[PDB]
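Report on one structure; see the data block that follows.
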Amino acid sequence: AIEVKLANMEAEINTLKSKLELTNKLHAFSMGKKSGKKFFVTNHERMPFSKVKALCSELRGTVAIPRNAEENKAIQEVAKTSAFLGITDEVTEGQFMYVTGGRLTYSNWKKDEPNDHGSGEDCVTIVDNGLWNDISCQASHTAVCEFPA
Amino acid sequence: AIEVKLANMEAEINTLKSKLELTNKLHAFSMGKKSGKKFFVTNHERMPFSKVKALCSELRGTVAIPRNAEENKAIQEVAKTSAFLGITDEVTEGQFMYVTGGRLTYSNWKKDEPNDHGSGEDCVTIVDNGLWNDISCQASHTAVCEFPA
Amino acid sequence: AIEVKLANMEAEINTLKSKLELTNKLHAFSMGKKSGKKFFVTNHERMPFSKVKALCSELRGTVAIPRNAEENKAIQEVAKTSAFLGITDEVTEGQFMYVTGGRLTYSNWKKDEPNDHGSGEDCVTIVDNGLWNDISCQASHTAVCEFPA
Ligand SMILES: CO[C@H]1O[C@H](CO)[C@@H](O)[C@H](O)[C@@H]1O
Ligand SMILES: CO[C@H]1O[C@H](CO)[C@@H](O)[C@H](O)[C@@H]1O
Ligand SMILES: CO[C@H]1O[C@H](CO)[C@@H](O)[C@H](O)[C@@H]1O
Ligand SMILES: [Ca+2]
Ligand SMILES: [Ca+2]
Ligand SMILES: [Ca+2]
Ligand SMILES: [Ca+2]
Ligand SMILES: [Ca+2]
Ligand SMILES: [Ca+2]
Ligand SMILES: [Ca+2]
Ligand SMILES: [Ca+2]
Ligand SMILES: [Ca+2]
Ligand SMILES: [Ca+2]
Ligand SMILES: [Cl-]
Ligand SMILES: [Cl-]
Ligand SMILES: [Cl-]
């Protein structure tokens, strides 16, 4: 019994792992995930940057980061409104970095942005035009998470 | 060996349980669930109240119940059309109670409602503009389920 | 006690099987599955027929097949654009068969179709008004999968 039941449960476990992978694939498909493309998702809720980060972290994803013009448009279409991007200059003013680490490679700043306006702006939002504007991390904008291709 | 294999499998099971909970979270998020708010969802199918209760129960949820104006609006946006709410006055006429227990607190009745029209109306539907109208439990309306915050 | 841990493991696994089944039911419900009806899903991606077949098969479904007018309307709403159906006359020119086996019965051909136009057309797309047109399997149309009732 013992060894047999143990061997059976290993098979039951592997079977459940396969089924759950399948469920995840179907869910990504249903949410618009395109072959070989990373995918962005939103619950359409607007909140402070720190809350977006914590929320995407729970889902094992990251705050949406467009690495090129295609991903930038993709994020725009998903959000439908202003949304925080996974980019800030919180560590060194004027120097924007990805929350996943590293200096910017692609950017689509609105004219004369980023400007750290008034009391200060260390976060970034993609606006209803695809362009970027640095804004207060305390302001509430749409939460858009990103998952791997 | 045996004790080690069993321990390693108990660890795989724990990881799998966490992954499934993550799948449930991502799904709810993708379907619009707001932080600290109940999750309302519909398949857009109209059916009698008895069936809506059976369906939500099978999904381990319950028929949608608006506890306040905010939830009422959230349910309205999800339903899109007339939908049953988890409220009835089957016990004492005029005394509406939640299907999960307790007396009705918040309400958003339409002018001249509830009227227990004709042979009687002991169920409730959220209709145009989010107002409420009591209706026969045998009539078919949209099935909207709620899941905890 | 080895046997006590094994019995708990069995209970943990069964609880997980039940919870995954509920997650799948809730997802299908959230995607619009009507009671006792098969349901359709699309990621809105356009690709050649062989890829759509591969994708749906990997998700344990099949390329969508309208068996009647209701299902045809349901597929049309989901697709929003031209989409391949699980119907072809690849095996014997002129005789359309379901990819899962059997001769085509219900059909919704546009006037003057199917016509195996030019070098040939062995696949089928649901297009404008939900009518059908036979087209080259190499063309790229929206991927729509169907899952059992
Ligand atoms: C007044 O502040 C706002 O407008 C300026 C430009 O006018 C932006 O730079 C800033 O981030 C705010 O959105
Ligand atoms: C005729 O019955 C219907 O219309 C009245 C108001 O006109 C409602 O109160 C009732 O529930 C039914 O919807
Ligand atoms: C030119 O070919 C296109 O148009 C004809 C009818 O005009 C269809 O039958 C065919 O599949 C193509 O869509
Ligand atoms: Ca600063
Ligand atoms: Ca700054
Ligand atoms: Ca700015
Ligand atoms: Ca009554
Ligand atoms: Ca009544
Ligand atoms: Ca009434
Ligand atoms: Ca042929
Ligand atoms: Ca011809
Ligand atoms: Ca043909
Ligand atoms: Ca044709
Ligand atoms: Cl800031
Ligand atoms: Cl009634
Ligand atoms: Cl062909």
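Here chain C follows Swiss-Prot for its numbers: 90-238, in order, are the residues you see.
Determination method: X-ray crystallography, 2.0 Å.
Cβ atoms here come from the backbone N, Cα and C positions, even for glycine.
Taken verbatim from Swiss-Prot:
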BINDING   C:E202, C:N204, C:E210, C:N222, C:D223  Ca(2+) 2 binding site
DISULFID  C:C145-C:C234  disulfide bond
DISULFID  C:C212-C:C226  disulfide bond
DOMAIN    C:143-238  domain 'C-type lectin'
REGION    C:202-210  region 'Calcium-dependent carbohydrate binding'
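Structural mapping of features recorded in Swiss-Prot.
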residue	record	Cβ contacts under 8 Å, 6 or more apart
C:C145	disulfide bond	C:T151, C:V152, C:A232, C:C234, C:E235
C:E202	Ca(2+) 2 binding site	C:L220, C:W221, C:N222, C:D223
C:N204	Ca(2+) 2 binding site	C:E210, C:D223
C:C212	disulfide bond	C:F138, C:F173, C:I176, C:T177, C:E179, C:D223, C:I224, C:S225, C:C226, C:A228
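Taking a Cβ distance under 6 Å to any atom of ligand 13 as the criterion, the disulfide-bonded residues C:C145, C:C212, C:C226, C:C234 reduce to none.
For the region 'Calcium-dependent carbohydrate binding' (C:202-210), DSSP puts the residue distribution at 0 helix, 0 strand, 9 coil. Apart from C:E202, C:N204, C:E210, C:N222, C:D223, the residues listed for Ca(2+) 2, the same chain places the Cβ atoms of C:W198, C:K199, C:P203, C:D205, C:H206, C:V213, C:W221, C:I224 within 8 Å of the centroid of those Cβ atoms. Residues distinguished by a CB atom under 6 angstroms from ligand 3 are absent from the disulfide-bonded residues C:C145, C:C212, C:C226, C:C234. Per DSSP, the domain 'C-type lectin' (C:143-238) is made up of 19 helix, 27 strand, 50 coil.
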